[PDB]
Amino acid sequence: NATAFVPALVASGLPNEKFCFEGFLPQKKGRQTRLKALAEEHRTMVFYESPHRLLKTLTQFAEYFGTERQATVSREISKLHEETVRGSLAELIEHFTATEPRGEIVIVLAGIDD
């Protein structure tokens, strides 16, 4: 629905010859299952997340994928206004602990490195 992802995929600087599109992770049932499977993934990954849930998700991603994993966050703040935030998950969590995420979010996550 937030077909903002292709622009975010290209903009991330991350490998895009292949990728996995995840969408929203489920809230409860089957979440950890997805996370465990996604921990092994070598391909770039693409998620949607709600803004209120964003920081919990980036924190959990550091748990499962590692604090140095590279990612980007794209936020449609309005029709007139959008932003990209880049770096490791640790830098991303610092970033969004500061300011309240409002808007529609796409996360582009580097795959396993090796």
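Residues numbered from 1 in each chain as written, not as in the entry; some residues may be left out. Heavy atoms only, no water.

Draft legend 1. How the structure looks around the packing of helix α2 (residues 31-38) against helix α3 (residues 54-65). Taken N-terminus to C-terminus, the directions of α2 and α3 make an angle of 50 degrees; their axes are 10 Å apart at the nearest point. Judged by the angle between their axes, α2 and α3 are oblique. Our pair here, α2 against α3, has a crossing hand that is right-handed. Judged by residue contacts, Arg 31, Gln 32, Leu 35, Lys 36 and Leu 38 of α2 engage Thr 57, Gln 60, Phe 61, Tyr 64 and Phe 65 from α3. The residue makeup of the contact of α2 with α3, split by class, is 5 nonpolar, 3 polar and 2 charged. (Axes fitted to C-alpha atoms, helices over the stretch in contact; angles between N-to-C directions. Helix = DSSP H or I, 4+ residues; strand = E, 2+ residues; numbered from the N terminus. Parallel < 35°, antiparallel > 145°, perpendicular 65-115°, else oblique. Left-handed = near helix turned anticlockwise from the far one by under 90°. Contact = heavy atoms within 4.5 Å. Nonpolar A, V, L, I, M, F, W, Y, C, P; charged D, E, K, R; others polar.)

Draft legend 2. Quick look at the layout of surface pockets. Put simply, the largest pocket is a space of about 180 Å³. When contributions to the lining of the largest pocket are tallied by element, the ones reaching two or more residues are α1 (5-11), β3 (70-76), β4 (82-88) and β5 (104-109). Tallied by class, residues from the lining of the largest pocket come to 6 nonpolar, 2 polar and 5 charged. (1 Å grid on protein atoms, 1.4 Å probe; cavity = no way out; pocket = protein on both sides within 12 Å on 5 of 7 lines; lining within 4 Å. Points joined across faces, edges and corners; volume = space filled by probe spheres on them.)

Draft legend 3. Local environment of the packing of α3 against helix α4 (residues 89-98). Orientation of α3 relative to α4, taken along the N-to-C sense of each, is 160 degrees, at an axis distance of 9 Å. Compared by their axis directions, α3 and α4 come out roughly antiparallel. Between α3 and α4 lies a crossing of left-handed hand. On the side of α3, the interface is formed by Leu 54, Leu 55, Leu 58, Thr 59, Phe 61, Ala 62 and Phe 65, while α4 contributes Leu 89, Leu 92, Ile 93, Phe 96 and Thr 97. Residue classes in the contact of α3 with α4 are distributed as 10 nonpolar, 2 polar and no charged.

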